[PDB]
Structures are given as structure tokens and as C-alpha cells.
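Visitor: See my_file.csv below, with CSV, C-alpha atoms.
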chain,number,residue,atom,x,y,z
A,1,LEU,CA,0.0,0.0,0.0
A,2,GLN,CA,0.5,3.7,0.0
A,3,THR,CA,2.7,4.6,2.9
A,4,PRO,CA,2.0,8.0,4.5
A,5,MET,CA,5.0,9.6,2.7
A,6,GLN,CA,6.2,11.3,5.9
A,7,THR,CA,9.4,9.4,6.9
A,8,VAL,CA,12.7,8.5,5.4
A,9,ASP,CA,11.6,4.9,5.7
A,10,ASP,CA,8.7,5.8,3.4
A,11,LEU,CA,11.1,7.3,0.9
A,12,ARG,CA,13.5,4.4,1.0
A,13,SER,CA,10.6,2.0,0.5
A,14,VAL,CA,9.8,3.7,-2.8
A,15,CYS,CA,13.4,4.3,-4.0
A,16,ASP,CA,14.6,0.7,-3.1
A,17,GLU,CA,12.3,-0.6,-5.9
A,18,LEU,CA,13.7,1.8,-8.6
A,19,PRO,CA,16.4,0.2,-10.8
A,20,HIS,CA,19.9,1.4,-10.3
A,21,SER,CA,19.1,3.8,-7.5
A,22,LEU,CA,21.7,4.6,-4.9
A,23,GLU,CA,21.8,6.5,-1.6
A,24,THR,CA,24.6,8.9,-0.7
A,25,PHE,CA,25.3,11.9,1.5
A,26,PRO,CA,27.5,14.0,-0.8
A,27,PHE,CA,27.3,17.2,1.3
A,28,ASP,CA,28.7,17.8,4.8
A,29,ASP,CA,25.2,17.8,6.3
A,30,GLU,CA,22.5,15.2,6.7
A,31,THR,CA,21.2,15.6,3.1
A,32,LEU,CA,20.3,12.2,1.8
A,33,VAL,CA,20.6,12.1,-2.0
A,34,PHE,CA,19.0,9.5,-4.3
A,35,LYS,CA,20.8,9.1,-7.6
A,36,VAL,CA,20.2,6.9,-10.6
A,37,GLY,CA,22.7,5.4,-13.0
A,38,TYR,CA,26.1,3.7,-13.3
A,39,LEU,CA,28.4,3.7,-10.4
A,40,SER,CA,30.6,6.0,-12.6
A,41,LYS,CA,27.8,8.2,-13.8
A,42,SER,CA,24.7,8.8,-11.6
A,43,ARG,CA,22.2,11.6,-11.5
A,44,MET,CA,20.3,13.0,-8.5
A,45,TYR,CA,16.5,12.7,-8.6
A,46,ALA,CA,15.4,13.2,-4.9
A,47,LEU,CA,17.0,14.8,-1.8
A,48,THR,CA,15.9,15.4,1.8
A,49,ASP,CA,17.6,16.6,5.0
A,50,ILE,CA,17.0,13.8,7.4
A,51,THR,CA,17.5,15.9,10.6
A,52,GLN,CA,14.3,18.0,9.8
A,53,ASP,CA,10.9,17.1,11.1
A,54,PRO,CA,8.8,17.4,9.1
A,55,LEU,CA,11.0,16.3,6.2
A,56,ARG,CA,11.3,18.4,3.1
A,57,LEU,CA,11.5,16.5,-0.1
A,58,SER,CA,13.1,18.0,-3.2
A,59,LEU,CA,12.4,16.4,-6.5
A,60,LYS,CA,12.3,17.2,-10.3
A,61,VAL,CA,9.2,18.1,-12.2
A,62,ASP,CA,8.3,19.3,-15.6
A,63,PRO,CA,8.3,23.2,-15.4
A,64,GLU,CA,4.6,23.5,-16.2
A,65,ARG,CA,3.6,20.9,-13.7
A,66,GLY,CA,5.8,22.5,-11.0
A,67,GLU,CA,3.9,25.8,-11.6
A,68,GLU,CA,0.6,24.0,-11.2
A,69,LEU,CA,1.7,22.1,-8.1
A,70,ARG,CA,2.9,25.3,-6.5
A,71,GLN,CA,-0.4,27.0,-7.2
A,72,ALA,CA,-2.4,24.0,-5.9
A,73,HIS,CA,-0.4,23.6,-2.7
A,74,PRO,CA,1.3,27.0,-2.0
A,75,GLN,CA,1.8,26.4,1.7
A,76,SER,CA,3.5,23.0,1.1
A,77,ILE,CA,5.3,23.2,-2.3
A,78,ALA,CA,8.1,25.7,-2.8
A,79,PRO,CA,10.7,26.4,-5.5
A,80,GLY,CA,13.6,24.0,-5.1
A,81,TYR,CA,15.8,24.9,-2.1
A,82,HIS,CA,19.4,25.5,-3.2
A,83,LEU,CA,18.4,23.9,-6.5
A,84,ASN,CA,17.6,24.8,-10.1
A,85,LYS,CA,14.2,26.3,-9.5
A,86,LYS,CA,13.3,25.9,-13.2
A,87,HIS,CA,13.3,22.0,-12.6
A,88,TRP,CA,13.1,21.3,-8.8
A,89,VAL,CA,10.4,21.8,-6.2
A,90,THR,CA,10.6,21.1,-2.4
A,91,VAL,CA,7.6,19.5,-0.7
A,92,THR,CA,7.0,19.5,3.0
A,93,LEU,CA,6.1,16.0,4.1
A,94,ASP,CA,3.6,16.9,6.8
A,95,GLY,CA,0.6,15.2,5.4
A,96,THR,CA,-0.8,18.3,3.6
A,97,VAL,CA,-0.1,16.8,0.1
A,98,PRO,CA,-1.8,13.5,-0.6
A,99,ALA,CA,0.6,10.5,-0.2
A,100,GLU,CA,-0.4,9.0,-3.5
A,101,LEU,CA,0.4,12.3,-5.4
A,102,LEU,CA,3.8,12.5,-3.5
A,103,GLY,CA,4.6,8.8,-4.4
A,104,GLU,CA,3.9,9.5,-8.1
A,105,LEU,CA,6.0,12.7,-8.0
A,106,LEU,CA,8.9,10.8,-6.6
A,107,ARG,CA,8.6,8.1,-9.3
A,108,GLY,CA,8.1,10.9,-11.8
A,109,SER,CA,11.3,12.7,-10.8
A,110,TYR,CA,13.2,9.4,-11.2
A,111,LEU,CA,11.7,8.8,-14.7
A,112,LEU,CA,12.4,12.3,-15.8
A,113,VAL,CA,16.0,12.0,-14.8
A,114,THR,CA,16.4,8.7,-16.7
A,115,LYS,CA,14.9,10.5,-19.7
A,116,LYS,CA,16.9,13.7,-19.5
A,117,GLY,CA,20.2,12.5,-18.1
A,118,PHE,CA,20.8,9.3,-20.1
A,119,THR,CA,20.4,8.4,-23.8
A,120,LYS,CA,18.3,5.8,-25.3
A,121,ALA,CA,21.4,3.5,-25.6
A,122,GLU,CA,22.3,4.1,-22.0
A,123,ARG,CA,18.8,3.3,-20.8
A,124,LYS,CA,18.9,0.0,-22.8
A,125,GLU,CA,22.4,-1.0,-21.6
A,126,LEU,CA,21.8,-0.3,-18.0
A,127,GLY,CA,18.1,-1.3,-18.2
A,128,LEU,CA,16.3,1.9,-17.1
A,129,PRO,CA,12.6,1.5,-17.8
A,130,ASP,CA,10.3,3.7,-20.0
A,131,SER,CA,7.6,3.6,-17.3
A,132,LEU,CA,7.1,2.2,-13.7
A,133,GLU,CA,4.9,-0.7,-12.5
A,134,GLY,CA,3.3,-0.9,-9.1
A,135,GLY,CA,1.0,2.0,-9.7
A,136,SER,CA,-2.0,1.7,-7.4
A,137,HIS,CA,-5.4,0.8,-8.8
A,138,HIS,CA,-8.5,3.0,-8.3
What is this file in C-alpha cells?

Guide:
Amino acid sequence: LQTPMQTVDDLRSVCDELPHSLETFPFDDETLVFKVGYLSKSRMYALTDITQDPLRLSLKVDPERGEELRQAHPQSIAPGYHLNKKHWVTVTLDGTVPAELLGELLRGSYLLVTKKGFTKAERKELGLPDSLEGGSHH
């Protein structure tokens, strides 16, 4: 099922299922970074500072959709914190944005990165998928 998308454990649970995903802490702080790709070439798709409660989740979004999201949830979705605000938003994980939407945005950020950061040949070699399974049924 849908986790509540409110803890690091919730985020791990989603990212652990995504092919070639890797956790690191490349800063000096407690910023957990999820990257996708080869061990010699991996690209960030989600970040959160694990010492903050509630967590803040940064992720990549199509610019148009980021604009919509920020208008639909202005108190909970901000331009990406210390990130390229053309492509990143930061979502407060306090229960104010539906878990199912959050899950999909997290999977979406991963997909976008595989599309933008890797070529068709790369995605074939490594085996990065065109779409993701384990969408929930309605």
C-alpha cells in the first residue's frame, strides 16, 4: 500500500524498488541524496535533509507541472531549495499533500531524470525502464 510519505523509511521504500538507485550523503550535512545510473555516472532525482521534522522532499518536475503544483499547494510546495528552480520543487512531508500524489511525484522525478540525463542507448544497456509498474489501482 500507500505509505503516508512522511518518513525517510517511506522514501527508502519507494526508491529501493527503482532500478539502479543509490543513496549517498555528498554534502557535509544530513542531506540524503538518491541518484540513478552507473556507479561511474549517476544523476540525482530526490533529496531530503534527514534531521528536519517534518521532512522536506526535493524532486524534479516538468516546469509546467511544477507551476501547477505550486499553485495547488502554496503552503506545502516551494521552488527547489538550493536547487535549479526551473526544474526542482521542495515538498513539506507533513501530510498536507496527498501521499499518492507524493509517491507519483517521486517516481516521476526518477523517470524524468532517466529520460533527460541518459540516452536511449544508455537506458537500454543499464536497463532503465520507460515507465514504472506498481501504480495503485482506483

Visitor: Tell me which protein, DNA and RNA residues are within 8 Å of region 117-127 of chain A, counting only C-alpha atoms, leaving out same-chain ones fewer than 6 positions away, and put them as an MDAnalysis selection string.

Guide: chainID A and resid 19 37:38 43

Visitor: Restrict the selected residues to C-alpha atoms and save them as a PDB file, keeping the file's coordinate frame.

Guide:
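The file below, selection-v1.pdb, is the result:
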ATOM      1  CA  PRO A  19      16.400   0.200 -10.800  1.00  0.00           C
ATOM      2  CA  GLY A  37      22.700   5.400 -13.000  1.00  0.00           C
ATOM      3  CA  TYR A  38      26.100   3.700 -13.300  1.00  0.00           C
ATOM      4  CA  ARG A  43      22.200  11.600 -11.500  1.00  0.00           C
TER       5      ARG A  43
END

Visitor: Find the residues around residue 136 (chain A) up to 12 Å (all atoms listed in the file counted), leave out those fewer than 2 positions away in its own chain, and share them as a VMD selection string.

Guide: chain A and resid 1 to 3 99 to 101 103 to 104 132 to 134 138

Visitor: Which residue is closest to residue 54 (chain A)? Choose from A:28, A:94, A:67, A:17 and count only C-alpha atoms.

Guide: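 Closest to residue 54 (chain A) of all the choices is A:94.
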
Visitor: Out of A:130, A:9, A:49, A:30, which residue has the shortest atom-to-atom distance to residue 81 (chain A) when counting only C-alpha atoms?

Guide: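 Residue with the minimum atom-to-atom distance to residue 81 (chain A): A:49.
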
Visitor: Of the candidates A:87, A:60, A:115, A:20, which one gets nearest to residue 41 (chain A) if we count all atoms listed in the file?

Guide: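 Looking at the shortest contact to residue 41 (chain A), the residue is A:20.
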
Visitor: Which polymer residues have any atom within 12 Å of an atom of residue 74 (chain A), counting only C-alpha atoms, with same-chain residues fewer than 2 positions away left out, as a PDB file with C-alpha atoms, in the coordinates of the input?

Guide:
ATOM      1  CA  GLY A  66       5.800  22.500 -11.000  1.00  0.00           C
ATOM      2  CA  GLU A  67       3.900  25.800 -11.600  1.00  0.00           C
ATOM      3  CA  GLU A  68       0.600  24.000 -11.200  1.00  0.00           C
ATOM      4  CA  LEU A  69       1.700  22.100  -8.100  1.00  0.00           C
ATOM      5  CA  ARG A  70       2.900  25.300  -6.500  1.00  0.00           C
ATOM      6  CA  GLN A  71      -0.400  27.000  -7.200  1.00  0.00           C
ATOM      7  CA  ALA A  72      -2.400  24.000  -5.900  1.00  0.00           C
ATOM      8  CA  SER A  76       3.500  23.000   1.100  1.00  0.00           C
ATOM      9  CA  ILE A  77       5.300  23.200  -2.300  1.00  0.00           C
ATOM     10  CA  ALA A  78       8.100  25.700  -2.800  1.00  0.00           C
ATOM     11  CA  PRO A  79      10.700  26.400  -5.500  1.00  0.00           C
ATOM     12  CA  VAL A  89      10.400  21.800  -6.200  1.00  0.00           C
ATOM     13  CA  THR A  90      10.600  21.100  -2.400  1.00  0.00           C
ATOM     14  CA  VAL A  91       7.600  19.500  -0.700  1.00  0.00           C
ATOM     15  CA  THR A  92       7.000  19.500   3.000  1.00  0.00           C
ATOM     16  CA  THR A  96      -0.800  18.300   3.600  1.00  0.00           C
ATOM     17  CA  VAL A  97      -0.100  16.800   0.100  1.00  0.00           C
TER      18      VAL A  97
END

Visitor: Counting all atoms listed in the file, figure out which residue out of A:4, A:95, A:80, A:129 gets nearest to residue 110 (chain A).

Guide: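 Checking each of A:4, A:95, A:80, A:129 against residue 110 (chain A), counting all atoms listed in the file, the winner is A:129.
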
Visitor: For N, CA and C atoms, please extract region 29-57 of chain A from the block and return it as a PDB file, in the first residue's frame.

Guide:
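File result.pdb, as written:
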ATOM      1  N   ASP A  29      26.369  17.975   5.446  1.00  0.00           N
ATOM      2  CA  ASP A  29      25.218  17.801   6.327  1.00  0.00           C
ATOM      3  C   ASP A  29      24.493  16.440   6.153  1.00  0.00           C
ATOM      4  N   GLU A  30      23.283  16.357   6.739  1.00  0.00           N
ATOM      5  CA  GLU A  30      22.471  15.164   6.707  1.00  0.00           C
ATOM      6  C   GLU A  30      21.561  15.107   5.487  1.00  0.00           C
ATOM      7  N   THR A  31      21.941  15.774   4.395  1.00  0.00           N
ATOM      8  CA  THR A  31      21.197  15.641   3.141  1.00  0.00           C
ATOM      9  C   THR A  31      21.429  14.259   2.430  1.00  0.00           C
ATOM     10  N   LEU A  32      20.426  13.416   2.559  1.00  0.00           N
ATOM     11  CA  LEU A  32      20.308  12.182   1.812  1.00  0.00           C
ATOM     12  C   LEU A  32      19.924  12.464   0.341  1.00  0.00           C
ATOM     13  N   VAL A  33      20.733  11.913  -0.558  1.00  0.00           N
ATOM     14  CA  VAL A  33      20.576  12.100  -1.998  1.00  0.00           C
ATOM     15  C   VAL A  33      20.381  10.742  -2.683  1.00  0.00           C
ATOM     16  N   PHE A  34      19.306  10.646  -3.439  1.00  0.00           N
ATOM     17  CA  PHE A  34      19.019   9.486  -4.276  1.00  0.00           C
ATOM     18  C   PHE A  34      19.439   9.811  -5.689  1.00  0.00           C
ATOM     19  N   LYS A  35      20.281   8.939  -6.235  1.00  0.00           N
ATOM     20  CA  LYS A  35      20.832   9.105  -7.570  1.00  0.00           C
ATOM     21  C   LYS A  35      20.533   7.833  -8.360  1.00  0.00           C
ATOM     22  N   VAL A  36      20.419   7.982  -9.673  1.00  0.00           N
ATOM     23  CA  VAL A  36      20.207   6.868 -10.572  1.00  0.00           C
ATOM     24  C   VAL A  36      21.319   6.828 -11.624  1.00  0.00           C
ATOM     25  N   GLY A  37      21.770   5.617 -11.911  1.00  0.00           N
ATOM     26  CA  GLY A  37      22.655   5.372 -13.039  1.00  0.00           C
ATOM     27  C   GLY A  37      23.790   4.428 -12.769  1.00  0.00           C
ATOM     28  N   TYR A  38      24.871   4.560 -13.530  1.00  0.00           N
ATOM     29  CA  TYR A  38      26.053   3.704 -13.319  1.00  0.00           C
ATOM     30  C   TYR A  38      26.753   4.195 -12.054  1.00  0.00           C
ATOM     31  N   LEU A  39      27.547   3.323 -11.491  1.00  0.00           N
ATOM     32  CA  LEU A  39      28.401   3.718 -10.400  1.00  0.00           C
ATOM     33  C   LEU A  39      29.351   4.820 -10.840  1.00  0.00           C
ATOM     34  N   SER A  40      29.742   4.868 -12.117  1.00  0.00           N
ATOM     35  CA  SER A  40      30.604   5.951 -12.604  1.00  0.00           C
ATOM     36  C   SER A  40      29.891   7.169 -13.203  1.00  0.00           C
ATOM     37  N   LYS A  41      28.568   7.121 -13.276  1.00  0.00           N
ATOM     38  CA  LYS A  41      27.768   8.229 -13.815  1.00  0.00           C
ATOM     39  C   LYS A  41      26.335   8.130 -13.298  1.00  0.00           C
ATOM     40  N   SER A  42      26.051   8.797 -12.193  1.00  0.00           N
ATOM     41  CA  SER A  42      24.733   8.764 -11.604  1.00  0.00           C
ATOM     42  C   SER A  42      24.201  10.173 -11.387  1.00  0.00           C
ATOM     43  N   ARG A  43      22.894  10.320 -11.504  1.00  0.00           N
ATOM     44  CA  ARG A  43      22.230  11.616 -11.536  1.00  0.00           C
ATOM     45  C   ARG A  43      21.157  11.714 -10.444  1.00  0.00           C
ATOM     46  N   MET A  44      21.211  12.771  -9.639  1.00  0.00           N
ATOM     47  CA  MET A  44      20.262  12.982  -8.550  1.00  0.00           C
ATOM     48  C   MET A  44      18.813  13.169  -9.012  1.00  0.00           C
ATOM     49  N   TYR A  45      17.885  12.523  -8.297  1.00  0.00           N
ATOM     50  CA  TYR A  45      16.480  12.671  -8.591  1.00  0.00           C
ATOM     51  C   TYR A  45      15.616  12.982  -7.368  1.00  0.00           C
ATOM     52  N   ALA A  46      16.153  12.838  -6.156  1.00  0.00           N
ATOM     53  CA  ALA A  46      15.427  13.234  -4.948  1.00  0.00           C
ATOM     54  C   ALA A  46      16.425  13.538  -3.833  1.00  0.00           C
ATOM     55  N   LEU A  47      16.094  14.483  -2.957  1.00  0.00           N
ATOM     56  CA  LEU A  47      16.956  14.799  -1.820  1.00  0.00           C
ATOM     57  C   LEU A  47      16.101  15.169  -0.604  1.00  0.00           C
ATOM     58  N   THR A  48      16.593  14.853   0.581  1.00  0.00           N
ATOM     59  CA  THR A  48      15.938  15.351   1.805  1.00  0.00           C
ATOM     60  C   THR A  48      16.945  15.462   2.939  1.00  0.00           C
ATOM     61  N   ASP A  49      16.736  16.423   3.840  1.00  0.00           N
ATOM     62  CA  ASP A  49      17.598  16.630   4.993  1.00  0.00           C
ATOM     63  C   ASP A  49      16.944  15.882   6.148  1.00  0.00           C
ATOM     64  N   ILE A  50      17.592  14.782   6.523  1.00  0.00           N
ATOM     65  CA  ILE A  50      17.014  13.800   7.444  1.00  0.00           C
ATOM     66  C   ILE A  50      16.964  14.237   8.884  1.00  0.00           C
ATOM     67  N   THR A  51      17.628  15.344   9.235  1.00  0.00           N
ATOM     68  CA  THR A  51      17.489  15.898  10.578  1.00  0.00           C
ATOM     69  C   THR A  51      16.281  16.856  10.790  1.00  0.00           C
ATOM     70  N   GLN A  52      15.530  17.163   9.736  1.00  0.00           N
ATOM     71  CA  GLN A  52      14.342  18.023   9.847  1.00  0.00           C
ATOM     72  C   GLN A  52      13.030  17.224   9.992  1.00  0.00           C
ATOM     73  N   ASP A  53      12.206  17.653  10.936  1.00  0.00           N
ATOM     74  CA  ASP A  53      10.862  17.112  11.134  1.00  0.00           C
ATOM     75  C   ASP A  53       9.882  18.301  11.123  1.00  0.00           C
ATOM     76  N   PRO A  54       8.975  18.385  10.143  1.00  0.00           N
ATOM     77  CA  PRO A  54       8.770  17.425   9.059  1.00  0.00           C
ATOM     78  C   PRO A  54       9.880  17.499   7.988  1.00  0.00           C
ATOM     79  N   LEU A  55      10.051  16.367   7.329  1.00  0.00           N
ATOM     80  CA  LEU A  55      10.971  16.303   6.239  1.00  0.00           C
ATOM     81  C   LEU A  55      10.549  17.271   5.125  1.00  0.00           C
ATOM     82  N   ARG A  56      11.552  17.700   4.367  1.00  0.00           N
ATOM     83  CA  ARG A  56      11.327  18.388   3.111  1.00  0.00           C
ATOM     84  C   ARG A  56      11.968  17.616   1.975  1.00  0.00           C
ATOM     85  N   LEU A  57      11.123  17.312   0.993  1.00  0.00           N
ATOM     86  CA  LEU A  57      11.482  16.483  -0.089  1.00  0.00           C
ATOM     87  C   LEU A  57      11.619  17.322  -1.370  1.00  0.00           C
TER      88      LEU A  57
END
